[PDB]
4 protein chains.
Amino acid sequence: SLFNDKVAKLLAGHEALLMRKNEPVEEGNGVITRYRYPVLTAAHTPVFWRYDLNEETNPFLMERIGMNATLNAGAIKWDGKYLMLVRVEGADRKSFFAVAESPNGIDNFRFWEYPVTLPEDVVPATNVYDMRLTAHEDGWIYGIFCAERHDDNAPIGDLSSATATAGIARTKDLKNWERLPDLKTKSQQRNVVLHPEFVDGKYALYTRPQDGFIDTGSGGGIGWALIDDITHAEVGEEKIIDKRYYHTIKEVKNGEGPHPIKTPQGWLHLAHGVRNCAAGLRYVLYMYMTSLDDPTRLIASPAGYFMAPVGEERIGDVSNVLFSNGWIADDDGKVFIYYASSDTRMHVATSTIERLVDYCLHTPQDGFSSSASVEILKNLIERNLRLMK
Amino acid sequence: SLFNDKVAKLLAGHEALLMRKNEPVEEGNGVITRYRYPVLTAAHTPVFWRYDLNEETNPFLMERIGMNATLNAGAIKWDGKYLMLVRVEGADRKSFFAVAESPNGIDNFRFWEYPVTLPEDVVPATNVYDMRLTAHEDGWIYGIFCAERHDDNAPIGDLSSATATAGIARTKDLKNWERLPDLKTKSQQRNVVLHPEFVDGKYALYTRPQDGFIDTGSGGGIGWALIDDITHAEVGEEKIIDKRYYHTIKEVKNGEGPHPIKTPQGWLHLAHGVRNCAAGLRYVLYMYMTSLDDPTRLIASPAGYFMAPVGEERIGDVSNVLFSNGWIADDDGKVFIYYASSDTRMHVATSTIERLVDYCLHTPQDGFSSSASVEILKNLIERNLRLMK
Amino acid sequence: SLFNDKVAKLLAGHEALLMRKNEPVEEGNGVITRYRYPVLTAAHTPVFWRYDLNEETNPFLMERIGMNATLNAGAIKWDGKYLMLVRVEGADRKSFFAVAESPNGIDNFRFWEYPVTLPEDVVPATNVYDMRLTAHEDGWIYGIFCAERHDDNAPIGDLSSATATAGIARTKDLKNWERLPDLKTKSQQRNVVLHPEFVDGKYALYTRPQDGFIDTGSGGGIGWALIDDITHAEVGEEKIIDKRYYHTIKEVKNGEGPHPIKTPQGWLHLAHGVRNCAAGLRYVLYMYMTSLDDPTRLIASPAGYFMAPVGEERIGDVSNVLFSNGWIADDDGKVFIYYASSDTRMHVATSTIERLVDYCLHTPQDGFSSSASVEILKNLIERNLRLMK
Amino acid sequence: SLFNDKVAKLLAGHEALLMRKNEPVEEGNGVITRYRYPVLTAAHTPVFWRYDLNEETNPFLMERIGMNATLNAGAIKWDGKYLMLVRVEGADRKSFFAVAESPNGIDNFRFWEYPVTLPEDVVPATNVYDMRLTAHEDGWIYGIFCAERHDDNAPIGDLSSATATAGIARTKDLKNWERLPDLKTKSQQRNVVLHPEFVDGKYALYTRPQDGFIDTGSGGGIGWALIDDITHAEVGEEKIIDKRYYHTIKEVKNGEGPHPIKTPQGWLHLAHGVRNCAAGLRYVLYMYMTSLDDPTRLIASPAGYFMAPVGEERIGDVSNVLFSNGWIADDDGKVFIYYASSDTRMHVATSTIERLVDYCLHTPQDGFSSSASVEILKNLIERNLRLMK
Ligand SMILES: OC[C@H]1O[C@@H](O[C@H]2[C@H](O)[C@@H](O)[C@H](O)O[C@@H]2CO)[C@@H](O)[C@@H](O)[C@@H]1O
Ligand SMILES: OC[C@H]1O[C@@H](O[C@H]2[C@H](O)[C@@H](O)[C@H](O)O[C@@H]2CO)[C@@H](O)[C@@H](O)[C@@H]1O
Ligand SMILES: OC[C@H]1O[C@@H](O[C@H]2[C@H](O)[C@@H](O)[C@H](O)O[C@@H]2CO)[C@@H](O)[C@@H](O)[C@@H]1O
Ligand SMILES: OC[C@H]1O[C@@H](O[C@H]2[C@H](O)[C@@H](O)[C@H](O)O[C@@H]2CO)[C@@H](O)[C@@H](O)[C@@H]1O
């Protein structure tokens with residue numbers, strides 16, 4: 001029948017999309033390798049999430065539930081596989097979480113047939129997003145995410161003012177999720193991330209204090225907070241680890257991405273930095289390192305951005321944005337960086353621990369002015385010209 | 001001569017552009033079919049609107065009047081033809097109206113040789129835009145549009161503050177237009193649209209009360225107002241029909257598009273919804289239905305967006321926008337939806353009354369939260385997996 | 001060795017990029033001719049600016065200093081060559097100046113091996129940008145640029161508030177630059193430009209008074225100020241030459257681009273105009289002319305924009321922007337216009353003095369309303385239809 | 001496993017290829033419509049014909065039996081479906097027959113899982129090829145094909161000398177084939193085709209007498225032979241119906257394609273014509289019509305070719321060739337023409353009975369000289385110019 005042929009073609013086209021081999025982009029900067037195709041798009045969501053496949057109830061074979069974007073994904077190596085914890089945004093503008101897995105880390109990502117069922121905390125949330133996964137030494141996988149609600153303080157007609165809390169959930173199988181109490185804290189928080197080891201016998205969070213839902217106000221950067229009990233999590237002392245600076249890529253706000261990778265040289269961090277421009281907010285990725293002895297102590301601050309939107313990345317629902325809350329480092333040192341572009345699609349970039357540490361240690365630090373930038377550059381030029389002779 | 005050859009080539013290239021056959025995009029969602037090419041762009045404006053073709057006064061053969069965009073078009077079936085009432089924006093940043101016609105509804109749109117001459121109301125307007133055409137049962141074609149003027153209240157140096165009124169004009173041939181008094185109302189209005197039938201013997205308008213020129217403030221959504229005399233139009237009672245909601249595609253504002261289509265199941269509406277993001281305002285299209293017995297009563301509210309920017313649509317003068325104020329439904333049920341992308345160009349999408357009603361009735365309603373979205377999705381997945389077994 | 005082969009390929013690929021022949025775009029408006037490729041991108045910066053080429057210190061051969069954008073360039077004809085004074089933005093978000101030269105004006109631009117060393121004025125600047133070069137009759141090449149600093153008045157957490165001064169430097173070889181005192185003035189200034197001739201025996205500046213760092217506030221447009229001593233430059237009297245207007249392409253702000261070209265008909269100006277839209281600020285180019293007898297007197301005001309973003313130009317770090325602060329007119333009348341798109345890359349457009357003057361004189365003036373625009377257009381249509389008969 | 005993933009991808013890629021929607025080529029001559037994609041290529045053969053899918057016996061997953069070409073196909077409408085009787089050539093250079101079916105006639109052709117098992121006649125054949133299917137009024141489907149054998153009457157070392165005979169088989173299900181005795185005839189024969197009706201109570205064959213295996217020699221064209229008993233088929237009298245002509249597209253040889261279609265105007269024929277050129281033999285398609293009352297009598301001979309190689313068709317194993325031995329005419333008059341290009345792939349072209357008859361009746365007959373061609377052309381030009389005036 002025509003209907004059955006149509007269903008068969010939808011399914012076949014979907015498999016062809018899912019199975020497409022990714023290829024590295026030859027042109028690069030020697031630090032990271034980009035790939036020709038996104039690892040996930042809205043079109044990668046299962047056909048059976050979007051269409052009612054029953055001819056009796058959907059004779060025209062149209063989508064019943066539109067999928068809009070696959071973005072800001074957490075990531076974990078899981079039982080031999082490369083997993084993303086995807087933020088999937090429906091056409092209804094709500095996001096939910098969904099696991100996708102790949103055998104190789106760069107292609108053939110496929111969603112688990114059901115998305116994540118995440119129980120509410122005591123106060124229901126309207127939207128949940130941007131989960132960072134941490135395999136903690138306590139044996140649990142934690143997902144720390146943003147739980148967003150309408151601001152009850154808002155005046156008449158204001159249906160946009162919102163509040164953000166840090167949601168905390170844990171699991172041992174990524175299917176059954178236990179919802180713990182939202183993080184208790186004196187300001188708004190987003191980009192909260194669990195450090196994978198106890199520090200002084202306590203849970204350690206990366207935080208991002210902010211005075212408002214979008215603007216950080218007095219918030220100074222990426223913070224560090226020790227928590228006695230993750231099941232009744234409350235911030236007491238909070239220390240800023242990586243600061244915002246005028247006229248850098250992290251001027252207006254910043255935030256930790258995935259939890260950092262442990263290297264022999266220190267903790268290797270991936271974060272985002274924001275500035276304002278005539279087109280709105282511009283988000284790029286950057287890196288820094290902290291000490292193994294004292295994870296609050298910066299030991300590498302390469303100048304500028306690590307990655308910024310290139311080509312197709314520049315455009316989407318929220319253009320001029322890269323964002324990452326997930327990466328995977330294999331035992332052999334290979335690193336798979338999962339980053340969203342423009343709040344619309346997921347990409348992968350690859351590198352190695354050795355290359356990323358090299359980048360952090362030997363990209364000169366920002367001297368914070370045009371004159372300083374020129375002096376650093378002239379020094380490199382001089383070395384190169386002498387060599388090229 | 002070289003000049004004459006140049007004119008001949010301008011004219012020939014223009015005809016080739018105008019005559020190009022459109023083709024449907026194979027990949028779609030089963031609800032609407034997109035098309036490979038826009039139905040109108042600035043390049044579709046006549047050569048003789050832009051160039052002075054006289055060698056004596058334009059020896060270099062350069063454009064004398066630049067055309068910037070063809071957007072936000074009304075639409076009507078007219079004497080066997082498919083007509084758009086185009087908003088054409090010049091390089092001078094003023095818009096004017098112009099009729100374009102096609103024999104088939106998807107390609108070969110051609111502007112009438114002269115654009116629309118629209119007389120001023122008592123108070124002159126600086127810009128006019130976004131006309132909705134209504135063939136009213138009273139025998140007139142009405143165009144309801146936005147008439148914009150500088151805000152006299154503005155302080156020194158403020159050359160941007162503006163006010164919007166609903167302009168009302170009528171015609172029986174789309175060439176001779178009678179300008180009626182601007183709509184009298186207690187707030188700013190844009191997206192005002194005439195319902196095609198009398199209701200309780202009165203003219204019925206879709207309205208969109210707004211506290212400011214761009215922000216709606218207390219304005220609750222798309223309104224309904226009965227008007228005794230369209231030639232002295234004044235709003236008295238006003239009822240909100242379709243409301244804004246936090247964390248939907250119509251959070252910050254919304255507005256009726258073209259006048260709705262009458263179906264056996266009810267009035268079928270096409271509207272736009274706006275939210276804010278890091279890149280600015282994002283505009284998408286959505287649908288709803290109201291009762292034939294009581295056109296103020298919602299009877300279908302499919303969740304989320306009906307159409308959102310895809311591909312080339314995402315980029316233009318005002319990126320991240322779809323907007324529609326025109327569609328045509330033929331007697332056989334075929335629907336031609338005319339929508340602008342990014343305030344720059346006009347597109348067509350096709351569907352049928354049956355498919356659009358199916359979409360409105362069977363796309364689940366928004367339960368307004370991530371948890372609710374997940375439950376709806378899990379229900380569909382469960383049905384499909386049982387079927388696919 | 002593999003490393004040496006990699007270096008050799010980086011260098012070879014760079015030469016292939018630099019040497020690529022540009023080609024004009026056939027489709028145009030008869031006023032300006034666009035070109036297929038940008039004249040500069042970040043990839044055009046020398047390999048030896050970005051990479052450490054020594055295997056001992058960079059064994060992975062990765063970039064040590066990322067380059068982000070090449071934009072807003074000044075321009076001058078210099079000893080037979082076509083020169084841009086490029087604003088180069090590093091990955092660190094600081095800009096610096098750098099000379100690039102071409103033998104023909106449309107391709108084969110190559111950076112001088114060292115960028116510009118620009119001494120600080122008494123108060124150090126954080127960023128410097130957008131230099132206009134003027135070969136003044138006094139025998140010096142002046143560069144007038146923006147010097148930006150953090151606003152000390154800013155409250156806690158505000159790392160974005162900034163102040164702009166007009167920096168002044170001069171040179172006779174484009175390598176050794178003398179920094180003069182920043183322009184003294186009662187308001188913020190950006191887009192300051194030196195007129196190439198003395199007027200009443202005084203230096204003459206194009207100015208752009210603004211109440212704030214981004215918003216002009218009461219600032220009325222492009223100004224004119226006579227300065228007694230360029231080495232102790234201070235504005236006294238200041239006159240607005242070209243004004244902002246509601247509902248034009250220069251509504252919110254405007255600014256002089258390069259210094260104007262002297263023609264037998266008057267001074268030929270290139271400027272930018274800004275308006276706000278749902279996507280942010282939109283920047284286009286426009287032209288005007290002033291009198292040789294009195295350079296403060298407007299003698300041509302063609303309506304609307306001269307150039308606006310087309311195609312690839314629309315997208316970049318700061319999308320929806322064209323900006324020019326450099327052009328070159330050869331003795332034969334050929335004009336090379338150097339314009340940035342989206343704060344990301346540099347383009348060239350070509351025309352002639354005769355064509356640009358024709359465009360300025362015969363593009364109708366803006367009558368400031370939709371009705372006026374329609375009347376101008378109908379007049380041209382009528383002439384053309386009579387001719388085409 | 002990696003192996004199972006590879007098999008899954010082979011199968012998925014194959015289904016995507018098989019299900020691809022064909023699209024008509026817009027630009028045409030108004031007689032036939034070509035299509036963007038071939039209906040069959042060697043890649044369309046089943047994955048399980050080429051690969052051993054068992055990891056135990058094919059651990060590298062390589063092809064065990066290469067498929068080289070899908071060409072010269074018969075065709076029949078069968079139980080509601082569109083069927084080709086494909087000549088499939090293996091990498092071993094032998095051809096075999098195989099049924100492929102489509103629901104619509106222009107795409108989604110899929111081979112039946114097993115190819116045709118064709119029993120040998122008394123003398124074994126080395127190759128079999130180019131089957132024409134005839135649903136005869138006697139209730140059988142006949143396949144008339146070429147059976148080729150080596151000719152040992154050849155100099156030593158001559159392994160190219162061959163003899164072609166007409167093989168005859170019949171079936172009622174296209175799976176079980178009965179092999180009848182090869183046609184007995186005084187010359188070599190290829191392109192023998194069964195007429196679908198008895199003529200004076202006898203079977204009627206289109207023949208093509210030829211003195212050699214490749215060259216026709218004295219063979220004058222397409223012949224007609226009445227046969228008493230198709231199960232002991234022997235030609236007696238043989239009349240040429242359509243002749244070769246110097247300096248036409250059928251100079252060196254010609255041959256009937258599929259059996260002709262019955263129309264109210266006569267029998268509608270599709271044939272091939274051959275000439276020699278510097279590159280070898282050139283094959284094109286042409287048409288002719290014969291009388292219903294007397295099928296030996298020509299009643300239409302449009303000049304020149306009907307179709308000749310265009311674009312991709314020009315190149316393959318045997319370039320510069322079109323060949324057809326199959327077409328289908330639906331009850332509504334729509335005609336699907338299945339033609340091979342360059343002995344490599346199968347294409348479809350569509351027309352209607354009305355259009356093909358119009359083409360045959362109104363394309364002027366060949367007057368056989370340049371002067372005559374010019375006079376015919378000048379006559380049409382004269383009519384057109386007077387009309388265009
Ligand atoms: O959009 C850029 C980045 O903004 C942050 O989150 C958004 C969130 O995605 C929206 O749904 C909501 O309306 O506003 C938030 C605040 O701007 C950031 O956490 C990222 O999620 C996002 O990529
Ligand atoms: O730009 C998006 C949508 O905004 C609305 O209108 C604009 C109008 O087009 C502008 O010329 C003016 O400056 O501001 C208005 C308010 O934002 C909307 O009605 C649509 O016309 C437009 O697509
Ligand atoms: O971005 C558009 C235009 O804005 C102006 O300058 C920018 C400057 O480039 C930024 O680095 C700074 O942060 O803000 C300035 C004010 O918006 C303008 O002078 C152009 O440089 C620029 O193309
Ligand atoms: O085909 C190559 C070249 O052959 C010569 O002429 C051809 C002629 O074009 C054919 O029509 C005829 O059948 O055979 C001739 C002899 O090969 C040569 O003079 C060129 O015309 C032609 O390009």
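We name chains A, B, ... by the order of the sequence lines, and we start the count at 1 in each one. We count ligands from 1, going down the list as the structure has it; atoms in each ligand are counted the same way. Hydrogens, waters and symmetry mates play no part in the numbers below; they use all other heavy atoms, side chains included.
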Who pairs with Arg314(B) by salt bridge (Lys or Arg N to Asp or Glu O under 4.0 Å), at least two apart in sequence or on another chain? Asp317(A)

Salt bridge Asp182(B)-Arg149(B), side-chain N to carboxylate O under 4.0 Å: yes

For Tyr305(D), check ring pair (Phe, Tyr, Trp, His ring centres under 6.0 Å) against everything at least two apart and list the hits. none

Do the ring planes of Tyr339(C) and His347(C) sit parallel (below 30°), tilted (30 to 60°) or perpendicular (above 60°)? parallel

Looking at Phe323(C), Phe97(C), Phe145(C), which hits side-chain contact (heavy atoms from CB on, under 4.5 Å) with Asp130(C)? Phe323(C)

Go through the structure and list residues passing salt bridge (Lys or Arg N to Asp or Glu O under 4.0 Å) with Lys253(A), not counting sequence neighbours. none

Quick one, list the residues around ligand 3 where some non-hydrogen atom comes in under 4.0 Å, by chain and residue number. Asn72(C), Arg87(C), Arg93(C), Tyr129(C), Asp130(C), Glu148(C), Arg190(C), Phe213(C), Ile214(C), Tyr283(C), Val318(C), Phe323(C), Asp343(C)

